[PDB]
Structures are given as C-alpha cells and as structure tokens.
Amino acid sequence: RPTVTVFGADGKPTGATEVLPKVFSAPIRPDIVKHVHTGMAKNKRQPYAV
Amino acid sequence: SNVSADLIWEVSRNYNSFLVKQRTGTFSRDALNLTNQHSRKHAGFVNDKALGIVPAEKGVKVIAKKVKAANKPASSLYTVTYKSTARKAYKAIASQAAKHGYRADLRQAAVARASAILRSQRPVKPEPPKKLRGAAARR
Amino acid sequence: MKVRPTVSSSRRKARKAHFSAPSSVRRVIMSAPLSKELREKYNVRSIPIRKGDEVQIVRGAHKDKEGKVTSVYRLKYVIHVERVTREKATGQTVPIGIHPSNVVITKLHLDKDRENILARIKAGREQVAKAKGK
Amino acid sequence: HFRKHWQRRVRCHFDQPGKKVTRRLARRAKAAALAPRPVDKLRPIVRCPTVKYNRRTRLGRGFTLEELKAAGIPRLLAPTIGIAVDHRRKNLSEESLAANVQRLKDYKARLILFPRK
Amino acid sequence: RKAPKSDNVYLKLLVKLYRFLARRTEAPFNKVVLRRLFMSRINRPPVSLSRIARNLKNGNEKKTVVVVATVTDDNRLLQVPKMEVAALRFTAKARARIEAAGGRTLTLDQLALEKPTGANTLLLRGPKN
Amino acid sequence: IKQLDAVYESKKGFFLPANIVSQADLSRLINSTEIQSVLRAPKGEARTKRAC
RNA sequence: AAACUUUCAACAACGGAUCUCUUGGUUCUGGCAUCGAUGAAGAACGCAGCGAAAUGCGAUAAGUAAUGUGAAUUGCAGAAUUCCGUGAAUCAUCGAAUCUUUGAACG
RNA sequence: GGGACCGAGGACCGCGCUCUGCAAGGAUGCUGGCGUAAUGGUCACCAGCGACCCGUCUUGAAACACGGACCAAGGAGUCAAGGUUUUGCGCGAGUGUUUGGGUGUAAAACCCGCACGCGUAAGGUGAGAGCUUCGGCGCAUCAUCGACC
RNA sequence: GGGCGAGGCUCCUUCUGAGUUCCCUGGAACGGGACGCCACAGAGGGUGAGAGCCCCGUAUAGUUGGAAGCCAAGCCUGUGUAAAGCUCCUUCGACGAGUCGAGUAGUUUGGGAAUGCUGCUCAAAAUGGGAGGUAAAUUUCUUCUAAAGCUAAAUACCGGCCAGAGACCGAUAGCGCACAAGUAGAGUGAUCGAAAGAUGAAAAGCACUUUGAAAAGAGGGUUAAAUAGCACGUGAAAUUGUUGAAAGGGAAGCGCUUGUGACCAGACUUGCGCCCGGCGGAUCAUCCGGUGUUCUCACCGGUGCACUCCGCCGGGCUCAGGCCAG
C-alpha cells in the first residue's frame, strides 16, 4: 500500500508516515459528478411565483 | 491503477482552466505546452513526460517533468537555465528531448520555442514612418 | 460573516435605514476620527461630531484646510467648517458640505457629557486589551 | 383525477426543514424544564393485533394495573416517576404480564429517585 | 456506430483499445467485443452465475468466460465451480462467490493482455426475452 | 487520514466501486509484448501517397 | 439651372426605446398573540410664523407630562445653550394626560 | 500549324520511355513597369439583360375574399399529477436515505432504526455468433419432439 | 401546610480590532504600484469612482442600567385528637327518557345490517342496552356502556406585531398603486378606475452687461461636463428642418455585369545565409571539482588570457520577398 508523508507547522516533514486510505483509488467519473452535482445544487433553491 | 495520462486527457479535453477558445482556433496557457495548442501531444500537464520553455533575464529556462515525483509538485520540475550562446542552448534542449527517449516527438517543437524566445530578446528595429494616401494625404 | 439571526445583510433594508434614520441615529453615523495626539491621550478612536469641535479636512478638494465646525446639518449628513466656503453667482458665500468621514478632529469641545463619552469608550478598550493581553 | 378545484387545495411542504428545527427545539425545551428527567415516559411492550402483524411487538400506551402491582410500583406514584398507566388494557395471558413486569424491574434498577423536598 | 452513447471515460478507453485490436487483428472475437461495447444496456442483458455454470458443464471447463455485460448472483445455485470470468461489471455477491470457489475475475483490458485473440474463450450473452 | 478508512467502512449498503478497467494506461497495453506479438503487419502509413 | 419628389450622410428637432440604477413589489421561512360602550373600525371639521396635499395631533391641537441621549432645527425669518447643564432636538423611548362632531352610537 | 480556358498537389517512393536523361503519380524558367489607391473593396448613379406584393384561407388548381399607414417595446405548446417508449447512470434478486429521527459551518451537506411501495423466492434434434488441441465445443434466438405445474 | 426570599433564566440597553503612510491618473481615490496592520470580525451600508483597517455596523466573550414573568439556595413559622395513600372484609355498592327503538318523508355518504342528520306517527328495558363475530345446531361467543360536562401538545393560517431570506420582477415588468393611488377622473347608484421614478459629488439652479412690452435671446459666468439649464442621466426608430452629393419623358423598389465619382482596408518599407576588413568583449574546444537529472546528458566554479567563440560597424555576393503583365 502506498503511503503519504506528514508535514509540521514549519512545512518540513516530521518523519511521520501514513497509509493512503484506499478511497483515492476510486474510479474518477466526471459524468457521475456532473449528474450528481446538477441535482445537489438545485436543493438549495427557494420558490418564486407571481 | 485508475489514473493515467489517457484518463486526464479524457477528463480535461473539453474544458480546462488553461483553455482559450475562439472562432479561429483553440489555444492553451499551460506552462509545459511548447506550441500553446490544445492537443494530447502538447498537453504538458496531462503527460507523464513533458517539456516547457519560459524566458529568463537572458536566455531560456527549460522545465521537464520528473516521473518519479508526480505526487510532489515542489520537486517535480527539472529546471535548467541556458544563458550561453544560442547554438549551445539548442544542443542541450534537443539532447534533453531526444537522446534518452524523453519526448523525442517534441524535439523540433522545443528547439523552435527556444529560438523564438531568443529572437524576442533581440533589440527592436524602429518602425518606418506611416504614409498617408489619397484623401488623407491631401488633407 | 454575520451570525446573529437579528442582523440583516439586505442592501434594500440597509439603504432604507440609513436614509430614513432619526436625528439621534444620524448623530452616530456622523462621527469623525480623532487625531493621533488625541488617540494617545484619551485611548479613544472615534467620536460623534458636534458644533464646537475643530477639524482638519483630509479628503476632498479642500486638501488640508483647518477650521472650527460651524453647523452639523444632520438632514443631509454634512458638516460646515468655518472659512470653507464657495461664492455663489451673486458673490454671497455659502458653506460647502463636508462629510465627517473626510475630516479628523484636532481639538475637542469639552463638557461633562463628552468626558463621560470618552471615559466609556476608554473603559471598553482597556478591558479587552488586558483581556487579550492576559 | 382533477375534476374538482384542486388548485385551491394544494399544500407544499417548503417548511419541512423549518418544522424539523422547531420540533428539535421543542424537545430541547422539555429537557430544559425536566433537566435530569427523560423527555419521554416509559411505555410497555405489546403485540400487534392482526394475524398479519402478530409475530411482531411494539410499544403500547401505558402499563396495566396488574403488571404495575406485580413489579412493586404503586398506582398513584407511577405517573409521577415517569411511567405511563393504561387502565383500559387487560393482560389475558401470562406472557404479556411477565414481559412488562420484567421491563419495570429493569426500569427500577436504573432509576435515581430524589427525596421529595 | 462510431462513438458510444455512454459518457463513461473508462468505457471510452475500452472501446479505443478494442478498436485498435479489431483493426490490427484477424480475430472475429475482437470485432464482436467491440460491437457489444457500443450497444445499449437493454441490449446487454445480465448473465447470471447459473447460466455460465450451465454452459461450461460439458467440456468448456478450464476456459475463459467472457460476457460484455454485468455478471449477477443467483441464489438457486448452491455450489459455484471454479472458473475464469471476464466481464464489464460484477456484483458484490457474484464476485465474492466466484472468488470463494477459487476462480479469478478479470476486466476486459486484462482479457486483452491475457487473450489478445480470444483464444480458449467462451463468449456468452444474457437472455434477451 | 486515519478516519477516512473508518468513514467509508461504516456507510451501509455502499462498497467502494470496482472500475470496469484494471489498467488506465493505454500506451502500456497497446505497446505491450503480448499485444504486439500477435498483431498483423501494418497495411499502410499515417499519410498515404496518392497514386493518380 | 432652380423649385418639387426620392436616397444617403452630418448637425438639429419630435419621441422616449436601449444601458445603468432602485427607501418598490412578489414568493418562502421563523418568533409571537394584541380591536371595541374605559366608546372600536370608518366618516368629518379644526390645529403650524410663513402649508394646498400627504403626515402628525385634537381648542393642552405638526402637540403636553415622564425617561434616555447629549447640542440642535433648517427653505426663510425669529428665539436658543452660557457648554462644565434637570438640558437643544420635525431626536428616540414611553408606564402619565388632553382627546371637537358622528360612527355598534346611547336624552 | 493557329487559338482559348485551366496549373489542383507539395521532400523521396510508382508505372514507364527515346536513358550523362525525360513531355513518366498535377508549372516551371526568363524578363519588364509599378511599389501606390496602381490592383482590390464599399457606397450612389447611369447603362445592357432579368424580375408580379406579402401573408392567410379554399380548391385538383387558379381567381375571389380576408389582414397590411409607419416605428418602438410587449406578444403565444408552459407547469403539475398519472401512464408510456427510447438514451445515459447506480445498485442489482433486489431496489428506494430525505414521513421521520440524529449531526450541522443551519432551508445546504452528512448519517439511518422500524415499517412500507414495486419486483423475486431443468432434456433430444437442425440451424446459429464465437472458440478449436482441427477430432470437435457451441452464446442469444428460431423450428420440432419433449418434461413439469 | 403557609409567608418572605439572596440569586438565576428570558428580553431591551452602555462599551470593546486594524493605514486615511509614499507615488501616478483623476473635479473627487474607494482605482493602479509599494510598504504595513487587524481578523471568533473579508455580512451589509455610507463616504465625491471597486474601502476589512475613513464612519455606522459585523464576531466572541464579557461588562453598565432597566422591565415583567417563572424558577429557586436558604430563613421564619406551623397543630388542628387536622387531612391523605394503601391493606383486609360474617356489611353495602345508587351509573343520564319524548332518549333508544319501529314506520315514514327529505337530504347525504363508498356504505338500506338505513352511512349520518332532520321532521312527523307510535313510543321502551333492567342478570339491561349497543356493536360485532359465527352453517356449525342456537341464535351459545367477543367487545363496549349512549342520551350530562372540562382538558394542553403534535395540526391550519392569503389576516395582526415583527424578523430573516431568494438561481424571482426591474418602471408597458413587479400588486391597480416604487411618486400627495384606491388618488385624479366616470357613474343616480351598486361600482369602475388610471397616467406618472433618474440634473449634478455639491445648487455651485447662471451674478453682471446688452436687445426685447414680455416670454426669451446673446455675451459673461458655475461645473469635470450646460454635448447635464429643472421641457434636466444615457437619448434608438417612425416623422421633420438645414446643409452636402446625386437621380427624375405615365411608378418606385429588387438580381447579374462593367463604367464613372466619392471614400477606404490590406500589402510593401526588407530578412536569411556566405566571403573579406575594423573592432568591442571571454559563457571557444578540452580537462578538473561540485550539483541536478532522463544515468548520460546538462548547469555552476576553475583552467582555457585569442587562426577559437559572442555582438556591433563598413563593403561584396546568393537566396527569399508585394501588385500587374509579356
């Protein structure tokens, strides 16, 4: 499993090392994102009517 | 894996933050783009191996991707500044692009980009005075 | 960012309240900053303008003109500094409306009420300065 | 199926999240008044009537007087210590009596009862 | 069809891979797989574990099972034999049941690497009706 | 980062999706020894000389 | 050739489109429960130094008392405020008053 | 032998011939004037030839009939519910969080305990895509003989 | 069991961060550049043009005074053979009438076992009455108690007192009404019912002179602007005046192609490369060390102090260069 380095408050590596949490290997599907994002952005709207 | 140059092109072919679209053609503002044209050949950020040339104070500044540091942006660019003669800059850039199998297709494009930057750094000739014609000349 | 539900971010309501404010509210809106010497003397940043004060204009066509306040015209959100005037066609001089935000108070008209005003602002400023300090 | 004047009787639930916040605040108000007490009342376990649902149990309205006496809880004190009482329900079987008596003894084990004054 | 109706990026890569294979090989296997990647979902019915188990009963064992569809699970099958199945998609239960038996699950791009010409392959389709 | 494994292990009725392709690098697949050994000889070039 | 008719251009007219703006509308959500014989809602007439309307008030009449703030109002004219003060203000708040003719309207 | 119109392509590759080469898979070579309104373009006009006023409606078709003084702005297949077909997406013998409850940076986003809606609880022969160790194996589907309820 | 009750919660109310630092344009910086600061506050608004730090406010914790409700640590007391919960039993145990119900008429419901209601005729019962289950052998069994009454909460809300918002409309739109709009006005009356926003940052709303009876005009002036003068931001078209050009023997307008006249956009101005000469400068080749990488390619520093390398200038030559042609 790949790993990722941890950085401190000064920007230098601290020697700590963590494992990539398995969600960054998920398929990248922009078509799913567009479909899901389109609906989720509509869920904030307020009604308008004459 | 799930991520490759082919995938990034598919995700980013139709829209990018670097994309400039007009009626006469499509350009790209990518710093690792030698011809500033939108294509898989020339999309530097898409490709694992790519080149880019930017002007310096005198000469050219060539940046190449490091394949073993794709996930470390601060240490992902191999940067060389060429401030010697133009011919020596062309020799290094072309060898940088073709002598080891690092984008030999970009050899001609890279040398041309270096030439344009060096030409653009040359002093500018003063333009000739404008000449009026016909009705404008008679008034 | 606004948090309290009683606060409103509406442009329509803010402009309505500002232009329809009563005289007492307009006095607060017509405040002016205090000079640097007065800041280190009273530990006070700003104070509502009034008639007796002496101000120095720091914004507008009147670059660095000094004078005493003559009128606080709260109906149009302007003050009248002395000798800051323009002549009409007839040659009669009329005052030029200067906004309090464009001036700085150099000398302060002092009375028991305004010493109370300055003391209350100082009390809050020193309270949080020590609260933040320790 | 719009043969009547449906347009004048159409209810839109645009206050669904607003009413939820109102309901959550009302529950918080009860906890504010009854600070250590729970905001609900203990309710018995009952069996659904129909043969379709008789294999499943749920919560009833209140405890029967017989099963309240078997637990050892007086009638007049039960509504006062947070127990619902139903004078209409009958036991009719030892199974319902035992289940709710055991429920009451479990409630008594977890109870903290303060002195009156 | 020239461009698939789907917006899946990975499906486009599969089409591009098999378009190259169909042009540069004489295997009719690659042309069938390419043409099935183009068609719609209703034209790609699911293939169940029961149906694939039937079709390798006689002598088609130790072969590669290829369906351009989704592979589903069937509760009627009690025992699942070891098999080599390559498909567009697998369900969570069907994939687990195949792996529990001892078989292996492949994608269509892995099939291209292992069997670029469809050698020793059993190609099936789901019930249209 | 540590919690990111736990949050996706707790979503009910959801597992991390399985992609329809295993390798996304087309250049590696096409230019592999397995594919190239079984290909036919090329039938032409990118640009063809026009005869007449 | 001019005049007249027509076309275009510049300038100028007629008219108020376009752009820009908005103390307005419209829709949704939240907290709360408060008209009247102790005379309501509505109608009328009066009241300002200079006011027709709108607005405010009722012969104490563009208002009185009390509380707070703290130096105005302003279109003009006239008074202020001593500012080291029960105190300006077409100020805000508001628990006390005045409150013409009618109107459920009641000699 | 005398005219006219045209010069598409852009390293090589070919067919060939009369081979130090060529008229053979598409124009080169030499020269002159000018280098600016000169070519070219836009307007207005004259000239030669050409050319019914739009729309609607009726009809096989015309014709009649109706609308048209001019300009600016506005101006007409939308929303909701219920069915249904096709495309994309998710999960798939299951699927649907959003009545409701729990968090929240508060009408968003995140999470889900119990019900509930819709659906679900094995042959012979001939063709036949595709594999083949060349002996054969045979998807889907159709035809026929079946088997079961 | 009664009476005080510190104090507390809710709501109003006082106060609480940081640039008006330098330069440029500008009538005016709130714009551009530079150098800073605050931030539990970079929501919003104003200030002469896009302001976190000029001003009001904004955020969090406090802090000043007040209002009315409710809670409440504690402190005084209590009282009368006073009230209350249960347990047991050789004693008792009252439960709603012109109301159910039957008949009939109208109406109503998905509901003639009348689904409910109402009117009329008759008019009850007490191991009673109502409803339901059931072929199960008789109408067994189940479940309630009508004709008296009270009660918060979850639910509705185009109205009342406010408050917060919007992928809404932007003055023929949005409510009829952004304005002294249910107004002006019409009708005997019930009722009907409009049009109508914008000078400028600031009136600084043109002193004064002159012509005119005056309305106004012209100078002069304010302003960044009067190409902003209250017939006031910007100011299209229809329609009209003047000036400039042109055409016109009973229509004009439209298509193709020249010509005339007026008016114009391009293109070009030279680049490249060789051979000499005058230079001005050491990023010439090589080698050494360090570093970076694509592990063999580079870059820095040194050596290389001149038939090598880089830029300029003065000549010669080649090639490529615009338009129309032979």
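Side-chain atoms are counted along with the backbone in the values below, which use heavy atoms only and exclude waters and symmetry mates. Below, chains carry the letters A, B, ... as their sequence lines are ordered, and counting in each starts from 1.
- Heavy atoms of E:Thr25 lying under 4.5 Å from chain F belong to its backbone as well as its side chain.
- Looking at F:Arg40, its side chain does come within 3.5 Å of a backbone N or O of E:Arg23 through a donor-acceptor pair.
- Using a 4.5 Å cut-off between heavy atoms, E:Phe20 touches chain F through its side chain atoms alone.
- Counting heavy atoms of neighbouring residues, nucleotides and ligands inside a 6.0 Å radius, atom CZ of E:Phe38 exceeds 12 of them.
- To the nearest 0.5 Å, atom NZ of residue E:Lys16 and atom CD1 of residue F:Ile30 are 9.0 Å apart.
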Problem set entry | Step-by-step side chain to side chain contact (heavy atoms under 4.5 Å, CB included) determination, E:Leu21 to F:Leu39 | CA-CA 8 Å; E:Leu21 270 174; F:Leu39 287 191; 4.3 Å; yes

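- The environment of NZ in E:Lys128 is crowded: more than 12 heavy-atom neighbours from other residues, nucleotides or ligands sit within 6.0 Å.
- Both the backbone and the side chain of F:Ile20 have a heavy atom closer than 4.5 Å to some heavy atom of chain E.
- The two residues F:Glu34 and E:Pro116 have their closest heavy-atom pair at O-CG, 3.9 Å.
- Counting heavy atoms of neighbouring residues, nucleotides and ligands inside a 6.0 Å radius, atom NZ of F:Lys11 exceeds 12 of them.
- In this structure, the portion of E:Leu108 lying under 4.5 Å from any heavy atom of chain F is its backbone and not its side chain.
- Taking CD from F:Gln23 and CG from E:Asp109, the interatomic distance works out to 8.0 Å, rounded to the nearest 0.5 Å.
- Only the side chain of E:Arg89 comes within less than 4.5 Å of a heavy atom of chain F; its backbone N, CA, C and O stay farther away.
- Of the inter-residue distances, the one linking F:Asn19 atom CG with E:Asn8 atom CG reads 7.0 Å to the nearest 0.5 angstrom.
- Residue contact with chain E, scored on non-hydrogen atoms closer than 4.5 Å, involves the side chain of F:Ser32 exclusively.
- Interface remark: E:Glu26 contributes backbone and side-chain atoms alike to the contact with chain F (heavy atom separation under 4.5 Å).
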